[PDB]
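Novice: Turn this into a model:
(chains A, B, C, D, E, F, G and H, ligands or ions: 2)
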Amino acid sequence: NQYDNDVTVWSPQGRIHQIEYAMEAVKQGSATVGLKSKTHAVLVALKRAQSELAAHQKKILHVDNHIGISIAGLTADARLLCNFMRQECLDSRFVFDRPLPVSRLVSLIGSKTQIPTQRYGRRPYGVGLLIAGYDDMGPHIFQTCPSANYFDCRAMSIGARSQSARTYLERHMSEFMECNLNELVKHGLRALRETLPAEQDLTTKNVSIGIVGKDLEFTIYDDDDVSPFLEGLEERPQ
Amino acid sequence: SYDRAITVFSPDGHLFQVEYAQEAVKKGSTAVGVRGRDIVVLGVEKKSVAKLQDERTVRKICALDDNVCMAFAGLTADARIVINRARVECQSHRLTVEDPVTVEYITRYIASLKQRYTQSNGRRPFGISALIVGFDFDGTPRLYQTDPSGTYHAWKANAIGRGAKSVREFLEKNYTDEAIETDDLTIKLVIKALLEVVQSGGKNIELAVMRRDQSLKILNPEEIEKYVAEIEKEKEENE
Amino acid sequence: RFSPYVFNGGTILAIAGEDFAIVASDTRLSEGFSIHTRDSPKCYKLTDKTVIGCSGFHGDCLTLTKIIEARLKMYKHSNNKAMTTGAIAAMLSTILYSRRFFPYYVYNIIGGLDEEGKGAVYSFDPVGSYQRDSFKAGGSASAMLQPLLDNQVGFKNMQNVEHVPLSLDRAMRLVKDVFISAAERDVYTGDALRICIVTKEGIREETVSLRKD
Amino acid sequence: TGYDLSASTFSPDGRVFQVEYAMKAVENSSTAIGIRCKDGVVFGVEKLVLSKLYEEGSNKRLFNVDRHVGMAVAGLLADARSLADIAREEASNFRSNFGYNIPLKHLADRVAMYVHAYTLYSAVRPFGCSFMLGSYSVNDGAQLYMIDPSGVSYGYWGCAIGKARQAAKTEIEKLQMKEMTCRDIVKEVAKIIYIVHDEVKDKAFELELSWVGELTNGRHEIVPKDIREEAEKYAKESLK
Amino acid sequence: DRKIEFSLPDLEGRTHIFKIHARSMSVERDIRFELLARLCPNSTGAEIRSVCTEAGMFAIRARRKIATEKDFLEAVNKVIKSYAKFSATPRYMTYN
Amino acid sequence: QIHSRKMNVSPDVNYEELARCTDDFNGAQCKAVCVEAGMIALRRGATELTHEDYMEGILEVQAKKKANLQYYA
Amino acid sequence: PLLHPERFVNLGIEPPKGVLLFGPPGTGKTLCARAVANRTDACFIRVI
Amino acid sequence: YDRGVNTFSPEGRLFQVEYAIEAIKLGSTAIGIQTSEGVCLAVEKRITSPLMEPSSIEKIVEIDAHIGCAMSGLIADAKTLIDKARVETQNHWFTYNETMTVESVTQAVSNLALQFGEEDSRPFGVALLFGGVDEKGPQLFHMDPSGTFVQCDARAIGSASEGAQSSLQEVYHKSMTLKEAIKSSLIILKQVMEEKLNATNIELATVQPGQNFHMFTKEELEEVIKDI
Ligand SMILES: Nc1ncnc2c1ncn2[C@@H]1O[C@H](COP(=O)(O)OP(=O)(O)OP(=O)(O)O)[C@@H](O)[C@H]1O
Ligand SMILES: [Mg+2]
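Specialist: Numbers count the residues shown, from 1 in each chain, chains lettered A, B, ... in the order given. Ligands and ions are numbered 1, 2, ... in the order given. Take a look at the structure below.
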């Protein structure tokens, strides 16, 4: 147990436990699912209430006109990476006068989160960022982790009880490349409804859906515009 | 268990090293102070001269500016830094803004300087508590107090030091809603309050008053002995 | 030795309407006694209700435009809304004063709609003082346009003439007439006329040719 | 053991266990091998698919440091990304100060001294990475290097980094690598990977082959063995 | 096989505990118990019953046969505040 | 997988995914996860098991529980 | 299991056979043991 | 591992900020209610001495001429947060000629509370209630030492916080009026405090759209209490 105190201290098994504990902070937050077609990349999150009459905490937040991210984990590390995220997006607009390629922006994050996972004096960032974007070669779905690894993927679900969402995505990933937004969005939010206890339903007040498109700027819909998306659904087989 | 740091919390949310600084205040000599109609007054006890020293270097009552006073408790070393720092701020305020310094402004400086002095590790906080009395802000008499946590606060009658709980309970049954006019009556209230000293020798009281227009008027042990005589004159009505 | 400033010419016109705003400029970029191009407009659509014009030294015009467009995004993600017309004029005055001892050689005019739906024109100086006006004309031909608009828009020095507010169609032909007369006597003006109209339904554009000499 | 916390402390017999602990963290990573022929260097990495949602080419371990220099990392992948950016930055200053390409003998010295500096102070820890360096030139030929987490860096003809470090170099040394061409090497690298535990107790894998030498004119790039697919056609015939 | 642990009741537990240990005693029929469950932040079921027994002992210090609200309020200071805190109550002015 | 032979397991459960989160357990604690997961489904009257049913059975072995911790949005 | 020994077998599970109670003192350890001695309908053995 | 802001748990978590949430619990209660007519706000004083001057105890401070405030927990950390919250509304008017919205006030406040160990100290010990009427109407927000920021419709914090919330969720609805919500708020107060409710135990503060002044009640508070 004496090796379980700092980021610097290695173990006699070769595993640093402080990085292994920051993965556990990702499982505290709620579930969120991102996926993409050939032309459209949609990530869908799940709000959580604090009390019975407070507003629900937002998950999806706009970054750039072609980049939007989701969140899972500490809200302190959330806005701290967002302010680093927005600063790098407008520097390429100010210098190069082009939007950033999405694949090389995430490489700046892995260089950003590597220093506080090696030097003493700062904990690792407990955060679960899902990233959707548009470079010149189509849509992308990215995830990160507090071990500073970033994974390109075509579908991903992270957060609380998100293993049941992964099983839905693996047996329907062959259908994702062809279908358009009227069902591609509700292919995604059929995966959230297995990350729920079996007695309540995904309502209009607890879900956010963000869409960025090839000809569409990144747009966040919540609590009023979810009703054209929740129409035309079946119930759970209970 | 867990204290040994000014940055850690208790499992029930406490700062014990900040709370231990208030325990050092209770080793000091008591000093009281009231405000009145025009004349403010503050007195200290427990002089206890030791037969072989000069007594003009053991003074507990100082003036920051021309119309504000100071009385403290705690340990003598940390008071000298706070007094010498506050003389600079109540003089540099006058240079940047041509007004005289209000009694409210100098207490926020002492509290905020003690505030940031508590936050960083490796900085032992001040173990003193102070009384700031001044009828300076446009003819209005006021008195405030401080705390080692760094919370400036306003009372109308105050007691500190080793035995403040008896005196503060004494003044609640004694400070009349009838305002103590004929200001020797208000001075006799303090001498009646300081009569409940730790030994009450009579000649160990150093009362200092201010008539809100003149400078500080340190009382002599002949005028204060006259006020101790009339306190025994009113005590003759018990029989 | 090296000198950091040069004059490039240009002429910017703005008129605050009752429920509209018109911003006009030429597209001639010159230096000394040479013509760089005949297609370089000075209009810049900041928001859907605000257009800015920038004259003077062209290197500072390209810099100052990109600084404002960065701070529009910095306002929005911090406040979940867009800037107003008056908020941009308050922000621009702090940016121009921030280099007080090495000033931008840029004359600025901001025209657009307020929060009530009416026209608003703000004029500037290269150090950062501003005021709200009804019509201003900045640039190289500034002296050739202000006395005529005092006669037609402000109705100054006129007798027995009612003060009808300027309609949209009457304001279009006043803009098209002043730039024809200004391109005759000024050498830094011609080759086109870009006109931007800001209303409650968006921003329209229109291009009128001038003499090419 | 207790006397093994800091990297700036010695044991009573005279070694630092924090360097010893980080070496066998490289042991748990999958096998990446390297080999050079007489006119080139051929890399090869056994890389396993995580579950299914990997998108066929993500998070690769065949980097590209310079015009003629690349890496074959194994171990903690995030720690190798920060270390690869040092070698990208180190080769740029040699260009800007001397005007020509970095020699591989000088490049491995600059990197290994940088790895050495994280094994001395109590504030930082040693790296958990080991990697390869291969290059080719016309005035120097082909070279192949090897850097441990401690910082020892010298040259090989062939190597392996991962679980099967010993189990791969047993059958590397039975090759006549001094005279083969690096087109014949590519079909021979793929059988070394597939002999030792490609998907036996694991789930799945995918082979990556990097490539530098005389046929690329000094360039470093991935193989065109998506073209004609000949590595897997020749190595899967070794089932019996 | 099963590790059942016992913790402290948050607020709804304690308000139910006061209604158990004080239903069989002569009290005023208008008092509230939720104010009492505030003032016992880190307390057990044994400490709550000791407050209920002590409040009746104040009624025998005076000459009463029913318990008032101030009988319980003095009992909280007798049980908890006489032993849990002595520096934080008089020198309290850091928190209001 | 051995001790779960006698129950109604729904066939979307990977024991390799359970070995991801279960670590430093002996053979008997692995049996204890299998016993406790059968009774959690008995609480709500479920007829078969799920991967979520084992994950709550894991935390019950070392006797954990989770709230809304108001850090995590 | 002492009153319905059916649903454990009719689903295919086995009940646990050993329960420990731990926590702070005066919390109610003895009460839960004292209350199940009331409603047991079975052999109950206190052990000193 | 429970004495450091630079150290995680095997389960989550801190274990340092969780202890900072506990420091709010030993404060005084405070209730704020958002209504379409405006935002009312109530607090309890807990005056210790009669010689103690009452107006030197602040619980409602005026952040700006259309934004009020409320606090609980540690008084020493509260005066630091009120200082920049007055300055950040003042810097915004200097560079924009407009009033900063109530939501974006707390954005500036939360950017420094999440800097306790994240520079290159300890977290704070104070929860805050922010009420105000901006261009989106009346607003009511809430924060914490962990920087977690949220909008509430009616919130009660401090001591007696959880016990107030259960009774406060009972009587709240969307179509309230301002004068109804004021007398509804201090029915809750006299049920959660131990002293008899009078004109010296509590103080009020309201804000209206056309009445951006008067974030205080000066002995009209005696009229509200006598008609309870
Ligand atoms: N949850 C509860 N509800 C009601 N009363 C309680 C509760 N917990 C404790 N008590 C009261 O506290 C008294 C003492 O409790 P008890 O001695 O059973 O605690 P314990 O945990 O068994 O102590 P120990 O751990 O020392 O054995 C009991 O007589 C009971 O009346
Ligand atoms: Mg017991």
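Novice: So which residues of the chain form strands?
Specialist: Looking at chain A here, since you left the chain open. Assigned by DSSP state E, the strands in chain A fall at A:32-36, A:40-46, A:61-64, A:67-69, A:130-135, A:138-143, A:151-153, A:155-158, A:207-213, A:219-222.
Novice: try chain H instead
Specialist: Using DSSP E, the strands found in chain H span residues H:30-35, H:38-44, H:62-64, H:67-71, H:128-134, H:137-142, H:150-151, H:154-157, H:202-207.
Novice: how about those strands, which one is nearest ligand 1?
Specialist: strand H:154-157 (27.3 Å; CB to the nearest ligand atom). From N, CA and C alone the C-beta is placed, and that goes for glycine too.
Novice: Tell me the strands beside that closest one, with direction?
Specialist: Based on DSSP bridges, the pairing partners of strand H:154-157 within the sheet are strand H:30-35 (antiparallel).
Novice: Burial check on the residue in chain G that ligand 2 sits nearest to, number of neighbours?
Specialist: Closest residue of chain G to ligand 2, CB to the ion: residue G:30 (3.2 Å). Using other CB atoms under 10 Å in any protein chain shown, residue G:30 has 10 other residues around it.
Novice: now do residue F:19
Specialist: 11.
Novice: chain center to whichever strand or helix holds it, what's the gap?
Specialist: Element membership for residue F:19, per DSSP states H and E: helix F:15-21. Chain-centre distance of helix F:15-21: 10 Å, with CA atoms, centre = their mean, to the nearest Å.
Novice: same check, this time on stretch C:177-190
Specialist: Distance, centroid of stretch C:177-190 to centroid of chain: 16 Å (CA atoms, centre = their mean).
Novice: do the same with stretch H:169-185
Specialist: Centre-to-centre, stretch H:169-185 and its host chain are 18 Å apart (CA atoms, centre = their mean).
Novice: Check stretch F:66-73 too.
Specialist: Distance of stretch F:66-73 from its chain centroid, counting by CA atoms, centre = their mean, is 21 Å.
Novice: sec struct for residue F:71, please.
Specialist: coil (DSSP: H, G, I helix; E, B strand; the rest coil).
Novice: Skip the chain neighbours and tell me the closest residue to residue 27.
Specialist: In the absence of a named chain, chain A is used. Counting by CB to CB, 6 or more residues apart in numbering or on different chains, the nearest residue to residue A:27 once its immediate chain neighbours are dropped is residue A:160, at 6.0 Å.
Novice: wait, I meant chain E there
Specialist: residue E:67 (4.4 Å).
Novice: mind checking how far the one you found is from residue E:54?
Specialist: The spacing between residue E:67 and residue E:54, counted by CB to CB, to the nearest Å, is 11 Å.
Novice: Between those two, which has more neighbouring residues?
Specialist: Using other CB under 10 Å, the more surrounded residue of residue E:67 and residue E:54 is residue E:67, with 20 against 16.
Novice: Correct me if wrong: that one contacts residue E:29.
Specialist: No: using CB atoms under 8 Å, residue E:67 is not in contact with residue E:29; the gap is 10.5 Å.
Novice: For residue E:80, find the nearest of the strands of chain H.
Specialist: strand H:38-44 (20.9 Å; CB to CB).
Novice: Wait, residue D:3 touches residue D:11, no?
Specialist: Yes: the criterion here is CB under 8 Å, and residue D:3 meets it with residue D:11 at 5.6 Å.
Novice: which residues do the two both contact?
Specialist: Counting by CB atoms under 8 Å, 6 or more residues apart in numbering or on different chains, the contacts common to residue D:3 and residue D:11 are residue D:17.
Novice: Count the residues that sit near residue D:19.
Specialist: Residue D:19 has 19 neighbours, counted by other CB under 10 Å.
Novice: wait, does the helix or strand where it lies contact chain A?
Specialist: If you go by DSSP H and E, residue D:19 is part of helix D:17-23. Yes: for helix D:17-23 and chain A, the contact criterion (CB under 8 Å from any CB of the partner chain) is met by D:18, D:21, D:22.
Novice: Now the first one. Nearest residue, chain neighbours left out?
Specialist: In other words, residue D:18. Nearest residue to residue D:18, sequence neighbours excluded (CB to CB, 6+ apart): residue D:7, at 4.3 Å.
Novice: interface residues of chain G facing chain F?
Specialist: G:7, G:11, G:12, G:13, G:14, G:15, G:16.
Novice: quick revisit: who does the helix or strand following the helix holding residue F:19 touch, helix- and strand-wise?
Specialist: As assigned by DSSP H and E, the chain's next helix or strand after helix F:15-21 is helix F:27-43. Helices and strands touching helix F:27-43, by 3 or more CB pairs under 8 Å, 6 or more residues apart in numbering or on different chains; DSSP states H and E, are helix F:51-61.
Novice: contacting residues for the residue nearest to residue A:27?
Specialist: Neighbours of residue A:160 in contact, by CB under 8 Å, 6+ apart: A:27, A:28, A:29, A:30, A:31, A:195.
Novice: Any quick PyMOL command for the buried ones out of those residues?
Specialist: Selecting only the buried entries of those in PyMOL, with 16 or more other CB atoms under 10 Å in any protein chain shown as the criterion:
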select buried, chain A and resi 27+28+29+30+31+195
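Novice: Dump the contacts of residue A:160 to a markdown table, plus distance to ligand 1.
Specialist: Converted to a markdown table, the contacts of residue A:160 look like this (distance: CB to the nearest ligand atom, whole Å):
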| residue | distance to ligand 1 |
| --- | --- |
| A:27 | 32 |
| A:28 | 30 |
| A:29 | 34 |
| A:30 | 33 |
| A:31 | 36 |
| A:195 | 35 |
